[PDB]
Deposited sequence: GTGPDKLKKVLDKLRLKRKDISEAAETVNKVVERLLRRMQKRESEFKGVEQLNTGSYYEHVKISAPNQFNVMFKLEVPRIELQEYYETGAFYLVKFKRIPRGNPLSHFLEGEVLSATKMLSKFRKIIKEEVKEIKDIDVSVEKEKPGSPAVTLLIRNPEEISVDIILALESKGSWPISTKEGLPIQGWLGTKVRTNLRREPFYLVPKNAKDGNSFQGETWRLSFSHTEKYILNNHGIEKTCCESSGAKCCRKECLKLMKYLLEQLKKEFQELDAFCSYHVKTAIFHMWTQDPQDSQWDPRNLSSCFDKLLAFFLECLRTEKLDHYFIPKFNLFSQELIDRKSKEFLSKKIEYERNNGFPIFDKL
């Protein structure tokens, strides 16, 4: 039943090949153009495709163009925890996010203009968004969200001190090492000079290193169903989102965040046995429903930032989604059979 839904959601090797061939061509060319400002940006592949939790089709790719910036001093934007002003080549741009993003965007647009071999344009800017989004066609439509990121090597900002609570799951050495990696700021505004913390590199490591046992999902270990539960939850939200515009405030990052909390609460690999796929997916739904009822879903890395605060999503939107989730749950998920 759920195994059959997963088969439908499984990407095809043929489609992966053709999509990657084109995406890589464009990304490689844009990256080269950035190397003569922005000289020295490096590529960092992130999100669902590179975490192996993309579903249905290879039609959405996420790439960070990270740029190492020396001595930078952060000031937290009021008490938000996730948003910062940045202070001290890039003198052209207090470091303005929208100004930097504009130049980044312009360069990208100029280079896409010179691309004749592939059918590719740049999507109209969504205000406040950090992304420069490319729309490709080898007939099939493919999105590429290209994210400018500042890389900083200092200690992570104080607001994350008590975040990433993996100690009982992945452990203290993993946590200490992860927090020795750089941190990232992307120009998602809150206004025009604000940046937002990104942990896409950390999320990627976790997705690919997700077990309490080192062998989880390896050739000489036991398969778990952690990723399959993530896929099913993503698909449920995607399907619901297609039908009801009441759910515009919700995104896949809410699901990702929720499952991180679940994986922390249930650290044992044996609590995610493939044979218990139903129970596992069900307990995930129950957890997400408690998050909705209590209007509380803390950022996994920034515990004081509630993604489900009133200020961000209306009670009515949360109650709408609850009713819709409870319905699918108690009727054998008819929405999975939809197209």
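The deposited chain is incompletely modelled, with C-alpha atoms absent over 1-5, 42-44, 97-103, 109-112, 210-215.
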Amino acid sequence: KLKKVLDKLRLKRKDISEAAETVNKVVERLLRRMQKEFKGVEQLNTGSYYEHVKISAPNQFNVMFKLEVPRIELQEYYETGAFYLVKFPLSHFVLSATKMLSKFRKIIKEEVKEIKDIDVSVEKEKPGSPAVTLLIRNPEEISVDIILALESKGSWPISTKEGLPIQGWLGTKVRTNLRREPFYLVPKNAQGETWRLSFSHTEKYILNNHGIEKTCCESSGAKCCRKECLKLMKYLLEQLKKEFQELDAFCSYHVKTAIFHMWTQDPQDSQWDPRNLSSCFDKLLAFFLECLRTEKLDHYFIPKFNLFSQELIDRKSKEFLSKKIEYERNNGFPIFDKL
From here on, numbers count along this sequence of modelled residues.
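Averaged over CA atoms, B-factors in the entry run higher in 78-86 than in the other of 78-86 and 174-182. Taking the PDB entry as given, 115-123 carries the higher mean Cα B factor of the two stretches 115-123 and 212-220. Taking the deposited Cα B-factors for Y235, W156, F244, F260, the highest one is held by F244. Comparing the C-alpha B-factors of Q167, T202, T133, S91 in the entry, the top value falls on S91. When the CA B factors of the chain's modelled residues are split into thirds, the value for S48 lands in the lowest one. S152: CA B factor lies in the middle third for its chain, per the PDB record. Per the PDB record, residue ranking by Cα B-factor puts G40 in the highest third of the chain. In the PDB entry, a CA B factor belonging to the lowest third of its chain's modelled residues is recorded for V63. For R275, the recorded CA temperature factor ranks within the middle third of the chain's modelled residues.
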